[PDB]
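Okay, structure first, notes after.
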Amino acid sequence: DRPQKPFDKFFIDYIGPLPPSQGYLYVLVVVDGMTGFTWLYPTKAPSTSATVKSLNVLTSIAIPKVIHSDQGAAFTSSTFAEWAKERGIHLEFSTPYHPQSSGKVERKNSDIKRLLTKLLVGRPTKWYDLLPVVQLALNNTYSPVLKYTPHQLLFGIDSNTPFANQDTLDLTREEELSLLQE
Amino acid sequence: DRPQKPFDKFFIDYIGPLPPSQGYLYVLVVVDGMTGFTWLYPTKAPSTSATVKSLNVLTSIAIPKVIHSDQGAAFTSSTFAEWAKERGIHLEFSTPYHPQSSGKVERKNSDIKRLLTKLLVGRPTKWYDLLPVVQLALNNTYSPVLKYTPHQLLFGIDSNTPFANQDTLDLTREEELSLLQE
Amino acid sequence: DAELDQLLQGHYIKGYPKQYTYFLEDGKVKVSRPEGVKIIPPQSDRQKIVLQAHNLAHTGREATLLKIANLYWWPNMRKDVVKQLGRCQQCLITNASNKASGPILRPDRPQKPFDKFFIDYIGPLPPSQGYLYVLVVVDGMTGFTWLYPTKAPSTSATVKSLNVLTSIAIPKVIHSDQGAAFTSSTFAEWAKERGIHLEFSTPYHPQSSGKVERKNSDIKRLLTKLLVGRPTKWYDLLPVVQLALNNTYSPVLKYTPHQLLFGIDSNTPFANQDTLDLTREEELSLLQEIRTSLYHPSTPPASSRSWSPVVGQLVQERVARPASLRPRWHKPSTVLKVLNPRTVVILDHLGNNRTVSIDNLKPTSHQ
Amino acid sequence: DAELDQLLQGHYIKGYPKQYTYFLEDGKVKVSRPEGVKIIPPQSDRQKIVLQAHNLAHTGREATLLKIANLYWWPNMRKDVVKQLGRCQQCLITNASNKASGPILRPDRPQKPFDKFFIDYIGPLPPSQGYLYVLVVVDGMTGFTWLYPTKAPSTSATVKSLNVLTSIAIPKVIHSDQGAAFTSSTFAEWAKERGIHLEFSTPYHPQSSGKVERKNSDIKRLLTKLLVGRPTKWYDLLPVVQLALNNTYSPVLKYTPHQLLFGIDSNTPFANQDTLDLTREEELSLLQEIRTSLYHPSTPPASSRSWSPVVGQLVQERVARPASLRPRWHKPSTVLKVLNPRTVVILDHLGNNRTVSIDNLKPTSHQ
DNA sequence: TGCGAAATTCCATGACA
DNA sequence: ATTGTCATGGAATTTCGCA
DNA sequence: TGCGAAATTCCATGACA
DNA sequence: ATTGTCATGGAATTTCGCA
Ligand SMILES: COC(=O)CNc1c(C(=O)NCc2ccc(F)cc2F)c(=O)n(O)c2nc(OC)ccc12
Ligand SMILES: COC(=O)CNc1c(C(=O)NCc2ccc(F)cc2F)c(=O)n(O)c2nc(OC)ccc12
Ligand SMILES: [Mg+2]
Ligand SMILES: [Mg+2]
Ligand SMILES: [Mg+2]
Ligand SMILES: [Mg+2]
Ligand SMILES: [Mg+2]
Ligand SMILES: [Mg+2]
Ligand SMILES: [Zn+2]
Ligand SMILES: [Zn+2]
């Protein structure tokens, strides 16, 4: 069997609704299955229109062979199907109510939800500006299994922004109190 | 003694006043003494100002060593003297009431006055447009003494407008009658 | 399909080397080549493949082949690639040329003064006394130049200026570019009335007026020097500059334009006095021999990859004022006649006859 | 005057050849030379003579000498002529150079992706969806290019576009020309906040941004081809063109920019599949060796009359936007440091330090 | 071991306000 | 304190297929 | 009959929207 | 149906002044 490679499979899913930040409410999460590389796109709705608009940006850089997602309405629409067929992207869906992806991808999506929470508190409406630095942190997080960050696996080089200072990724006692109030 | 050459001496004099043609009343006549080459400049007055204005055109093509003229007021002024001194042109005047120049120049000025008269009749106010073709005719008139036209002596070449059909230069019986009426 | 069927059973087909194993896998004929396993598509599908590969980024020969070679192999792939490049209209009219024009001609200097005038306008310039342009008239033989300030590069200002100039002499031929002032019917009638032949440059080729253009350089250069640290009041300087340049030595000729025109300096500063003891007739004799012995440059060596026009060749004219994001070249046209190695008549994109300089032509690639 | 007095009586003075008869006529010392009789002016008058001859038409060495030689002779005339040419401020700042710049450098390709971005704006273009400009960001190592439509070449549109780009990776160095969008303090703070070093081209030298400028050519060329016979709606094509060029082979490299960046093609048409059996770690190993073995051009041969800058040399900077009838060159300035054979620091005409390309310099003539 | 032809490389040319 | 670049298609050169 | 230096010629370079 | 040109100043070459 052929070894796994970047662009073999993109895992997409929506995070939200979030507090409004510069008019955006959702984040389309795209994770490459082999490298763990993450792209974050802010959308205004979990719609096919918003998904196509954001994936058109990504697919102007690299086109995946397969897009995996759950049976979410935006991804199971006939419009999104025609969109994928036009780019030669095979759509692969997880069973309804049985969301499965990959250990590496499952853990990556955990990190994204926890990292977003950690920086949502104290400024829940300023996350649109923070999406760049979140993707950098996610993509320069050391992978205990592969012993390479997503950046290193995607580009074959070290990064100019290594993240050796890992956040606690857990909410400090003061961030738990300021979150139970929101 | 050094042979005579073009630009050694320019003979200048005013012809006029003439009938008004496009606002001009006089013709400043400039004849090179060696070649007989003629330049005609229409002026509005026989003034130093008009003379300087017209000779500035000519002296932007070729500067004579000597300008000869009669004791006409425009040529004996201190302004015209300063003008000639600035260009290194020596001014030479004929004796008052004793206008002398040169056989070739005397005859040339006769031709100019007679040629102007011949074409003044019938259209006395349209001579400004005719000055170009008058200079051409004058400068391509065969010289019986030198056996070369002024054009040939100035440029060392034949001309593209040879004037083999000489005007009568005399007034026909019908041009004498239409002139005695004006 | 039938051609490839005989290949699978091991029968030889010209173009397909025998030393390779041609097999079938996943309903596609494949070959095990050094670079890897490639798909051999049937003849009937290869044109569509070359087109799909070319149309990704409208790439040329090698960049298109490298795409196709990633998946496919067949005999003489580049032959099919080049065939598409010559049919792709967008590439033909958008791509640059990679072949230089043949070497320039150095037309013979006119034999006599007034044989040929070259004329052109300079401008617009900073307003001076209400004037914006300068009519520049250069005699071809002598370089002797007349300067006329005008308010527009118009026919009316050209005629008015040349009626004064032609007071001194009528030229055989006036050469100009195809500007509006010179191509109007009003200017043609003016020249026909005086027996002057109007000769025009090929369009959009100022080299053809190089005699005057080069003098424009000297005029602007002298004007600039005289105007340093002053407001640009150039109107009163035109007579000064005209006199100055007409009496300036050309180091290669060893003569000024005034001397080539008159054979003797006038009362200008540093007037040459060598012919002072000769008569005018002896002076003109020496002048006639000087005019014939003047240095004349020769055609330079052709650059290593130059092209020369051939009757019947497909060539393309450069678009004059190409809009933004629009092609720089017209659709291909045919060379009708070769007037000289640098000038041709073509069957225009509108269907007309057009005389163009090869500097505004490229040969159509891929024949 | 005393020098010439001893010459008339027949005494020898160095510089004046003895074999000529130096006589007096009309109060002027004269010599009977082959070309004729010339006036030998006293030393104290020769500077004024050279100046009067030069100032007729501000002529160079030979055209000025030929004027003086018409009347005068003295020892080493050209030496006095050249001395004036080097003191004539108008000639120094108006005349063209006749010495070409030294041969171009071919700076080493960046070792890694994201080591150096080159950025620049294209535009203005025909309005498309309200947009007029395109921010072009080219990775130096790979050629991989990002395209962003903007309404102005502004800092705010640059920052907004690069904040999206730097989501993927932060570069070590961003290189740009000295346009307003990139030189503003707002852009500097943006780059300092992210640890990016801003590197600027020398002024008025687009060759220095040649990496992006060359990619601008490909972008406009592809846009033009896709827009043939259509209204120029280029906004929706930027993603298409970006993908197309990033996946286009460079015939000399044998790789696409996508491949140099990722080491494997994505799901684009004609995706190369050579590394399909290698693991990702083996693939990246092959990628690291490919990035190091890429073709690198060398400095071309210097042209036969090129100049190279020397510390202390008098040089002149080209005027950026020279007005009509105004000099093309600034007053002479001194080379302070030679950063490389094509880049220097000069003591500016305003007194400042300025880093300029020698393509915008000429060496001051006559030392 | 060498031929004709195909394939690859070479590289001048030109354009990126 | 900074620096030209590279797609292009004929031509030159090398390699291939066969013997 | 030849040397050093001055003088002349050569000519690449660049600009004429 | 038309076509590059030529001032410039270092460098290359030739000529001069003297012996
Ligand atoms: C290809 O260049 C052009 O587009 C033509 N530009 C002109 C030019 C022009 O491009 N001049 C610059 C130039 C470039 C190269 C050259 F060898 C000489 C030259 F003058 C011009 O000089 N004149 O006089 C024009 N006169 C016109 O009359 C209306 C129209 C255009 C020009
Ligand atoms: C000397 O050329 C100029 O005057 C500079 N022109 C520009 C140019 C320019 O002249 N481009 C043409 C060009 C010419 C030669 C070259 F090697 C590359 C190139 F792009 C440019 O490309 N960009 O991007 C500019 N950006 C600016 O930012 C405000 C300002 C000017 C330019
Ligand atoms: Mg979901
Ligand atoms: Mg009188
Ligand atoms: Mg013109
Ligand atoms: Mg012109
Ligand atoms: Mg720019
Ligand atoms: Mg640019
Ligand atoms: Zn095409
Ligand atoms: Zn000067």
Side-chain angles (χ1 to χ4, degrees), chain A residues 11-17 26-30 43 46-47 51 67-76 80 93-94 96-101 109 113, chain C residues 101 104 118-124 133-136 138 152-155 158 175-184 200-222 224-228 244 248 317-322 328 356-357 359-360, chain D residues 50-61 63-64 67 81-95 327 365-366:
Chain A
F11 292 86
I12 65 170
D13 199 26
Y14 273 106
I15 292 188
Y26 293 78
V27 176
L28 175 62
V29 176
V30 185
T43 72
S47 55
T51 299
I67 284 180
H68 180 104
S69 74
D70 54 27
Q71 306 262 347
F75 315 130
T76 49
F80 188 66
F93 301 93
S94 59
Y97 309 98
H98 293 339
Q100 74 141 69
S101 60
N109 282 282
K113 294 179 299 169
Chain C
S101 305
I104 61 171
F118 292 83
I119 70 179
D120 184 34
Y121 273 100
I122 289 172
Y133 294 81
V134 175
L135 180 62
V136 181
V138 172
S154 55
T155 296
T158 307
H175 185 106
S176 68
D177 57 45
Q178 291 187 29
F182 310 126
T183 60
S184 67
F200 296 103
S201 289
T202 46
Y204 305 102
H205 197 244
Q207 302 84 298
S208 290
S209 293
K211 210 84 174 195
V212 156
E213 305 295 353
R214 183 54 168 88
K215 187 72 64 169
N216 295 339
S217 184
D218 288 342
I219 300 162
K220 304 184 96 168
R221 179 162 62 104
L222 189 52
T224 295
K225 299 178 177 173
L226 303 178
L227 291 170
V228 162
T248 283
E317 191 182 359
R318 184 190 313 273
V319 178
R321 293 181 175 179
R328 263 46 182 166
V356 300
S357 166
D359 282 345
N360 290 318
Chain D
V50 178
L51 189 66
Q52 290 181 357
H54 170 76
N55 278 3
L56 299 172
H58 280 274
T59 50
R61 197 225 302 143
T64 303
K67 273 301 183 191
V81 168
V82 171
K83 189 172 186 171
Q84 278 304 301
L85 303 186
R87 300 181 186 280
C88 177
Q89 200 68 9
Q90 299 99 298
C91 280
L92 296 182
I93 64 183
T94 305
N95 283 340
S365 301
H366 327 294

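No hydrogens, no waters, no symmetry mates; every other heavy atom, side chains included, goes into these values. Note that ligands are numbered from 1 as they come in the structure, with each ligand's atoms numbered from 1 the same way. Order of the sequence lines sets the chain letters (A, B, ...), proteins ahead of strands, with each chain counted from 1.
At distances below 3.5 Å, not a single donor-acceptor pair connects side-chain atoms of D/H366 with backbone N or O atoms of D/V81. Using a distance-only test at 3.5 Å, with no hydrogens or angles considered, no donor-acceptor pair links the side chain of A/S69 to the main chain of A/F93. A donor-acceptor pair under 3.5 Å is formed between the side chain of D/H54 and the backbone N or O of D/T59.
Seen from the Zn ion (ligand 10), atom ND1 of D/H58 and atom NE2 of D/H54 lie 100° apart in angle, a value rounded to 10°. Angle OD1 (A/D13) to the Mg ion (ligand 3) to OD2 (A/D70): 100°, rounded to 10°.
Using modelled atom types and a 3.5 Å distance limit, the side chains of C/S154 and C/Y133 yield no donor-acceptor pair. Residues C/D120 and C/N216 have side chains that bring a donor and an acceptor to within less than 3.5 angstrom of each other. Counting only N and O atoms by type, the side chains of C/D177 and C/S209 include no donor and acceptor under 3.5 Å apart.
Contact record, A/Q100 with A/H68: O-NE2, 2.8 Å, taken as the closest heavy-atom pair.
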Ligand 1 polar-atom proximity to protein (N/O, under 3.5 Å):
from: ligand 1; atom 1: 22 (O); to: C/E213; atom 2: OE1; distance (Å): 2.8
from: ligand 1; atom 1: 22 (O); to: C/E213; atom 2: OE2; distance (Å): 3.0
from: ligand 1; atom 1: 24 (O); to: C/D120; atom 2: OD1; distance (Å): 2.8
from: ligand 1; atom 1: 24 (O); to: C/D120; atom 2: OD2; distance (Å): 2.7
from: ligand 1; atom 1: 24 (O); to: C/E213; atom 2: OE2; distance (Å): 3.1
from: ligand 1; atom 1: 26 (N); to: C/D177; atom 2: OD2; distance (Å): 3.3

